[PDB]
Amino acid sequence: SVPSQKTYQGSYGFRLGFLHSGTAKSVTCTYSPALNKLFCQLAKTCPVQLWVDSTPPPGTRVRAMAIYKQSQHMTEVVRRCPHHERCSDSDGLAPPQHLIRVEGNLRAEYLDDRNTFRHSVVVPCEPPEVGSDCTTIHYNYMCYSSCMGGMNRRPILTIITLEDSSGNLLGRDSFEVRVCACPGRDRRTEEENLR
Ligand SMILES: [Zn+2]
Numbered sequence: 096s097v098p099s100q101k102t103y104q105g106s107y108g109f110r111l112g113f114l115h116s117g118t119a120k121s122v123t124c125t126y127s128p129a130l131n132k133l134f135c136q137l138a139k140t141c142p143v144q145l146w147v148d149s150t151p152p153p154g155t156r157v158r159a160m161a162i163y164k165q166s167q168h169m170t171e172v173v174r175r176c177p178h179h180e181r182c183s184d185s186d187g188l189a190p191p192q193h194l195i196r197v198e199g200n201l202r203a204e205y206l207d208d209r210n211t212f213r214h215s216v217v218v219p220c221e222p223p224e225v226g227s228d229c230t231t232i233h234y235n236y237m238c239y240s241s242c243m244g245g246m247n248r249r250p251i252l253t254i255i256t257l258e259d260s261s262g263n264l265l266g267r268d269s270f271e272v273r274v275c276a277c278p279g280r281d282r283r284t285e286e287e288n289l290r
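Under UniProt numbering, the first residue of the sequence shown is numbered 96, with each subsequent residue one higher.
Here's what the structure looks like:
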């Protein structure tokens, strides 16, 4: 099967938000609204904001999963390459095969779907701190888009779903991701090509 990538705000008005980091050659993570694409360096912090119009019920969670963007590759599970899955860089919670990790959250849970074999990481949906209008999840991508035997230059999408305590869908959003050495230059190049 293939996970749906249809944007759905749902009853709580769920949608993502991204910081405005710019395209300087030294930037480590940058988002392109024009391409709906996040460019980031290997294993660097990717701040993703979660916005809602109303507070979802206690027990609501937020899950992240990667899928290949090209339809001809969509049924293939996105996973770390033969090299990175063996580099012993786990934080003690994320399985070494998982591409997407959540930083600084001891309540993060990593799932290997018994049926689809797909990987995902899910955390409780946190309300904004006093003074804040949204909450942020910090993700890390653990392989380069170019990793041989892994993504192998194929673009991926990250699908973020807001789900209830049973895992039922409450909201969905998504964005393309390119993990590369110079996110700033690549974003500038791709936006120019689009222009
Ligand atoms: Zn890799």
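Don't be surprised by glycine CBs; every beta carbon is placed ideally from N, CA and C.
Helix, strand or coil for residue i per DSSP?
i	result
residue 130	coil
residue 123	coil
residue 168	helix
residue 248	coil
residue 156	strand
residue 233	strand
residue 179	helix
residue 228	coil
residue 144	strand
Taking the alpha helix (DSSP H) that residue i falls in, what are its first and last residues?
i	result
residue 280	278-289
Nearest by alpha-carbon distance to residue i: which of the options is it?
i	options	result
residue 263	96, 156 and 135	156
residue 38	268, 227, 274 and 231	In the structure as shown, the chain begins at 96 and stops at 290. Residue 38 is therefore absent and cannot be evaluated.
residue 249	159, 224 and 168	168
residue 258	281, 101 and 217	217
I'd like to confirm something about residue i: is its beta-carbon nearer than 7 Å to some heavy atom of ligand 3, or not?
i	result
residue 193	Of the ligands one can find in the structure shown, namely ligand 1, none is ligand 3.
Where do the ends of the beta strand (DSSP E) carrying residue i lie?
i	result
residue 111	110-112
residue 271	264-274
Q.
Between the region 113-121 and the region 149-157, can you find at least three pairs of beta-carbon atoms closer than 8 Å?
A. Not touching, per the Cβ criterion.
| query | Quick check: the region 116-126 against the region 208-218, are there 3 or more CB pairs under 8 Å? | reply | The answer is no - the region 208-218 does not touch the region 116-126, with fewer than three Cβ pairs under 8 Å.
> Per the contact definition of three or more C-beta pairs closer than 8 Å, is the region 192-201 in contact with the region 233-251?
Replying inline: At 8 Å Cβ cutoff, the stretches touch.
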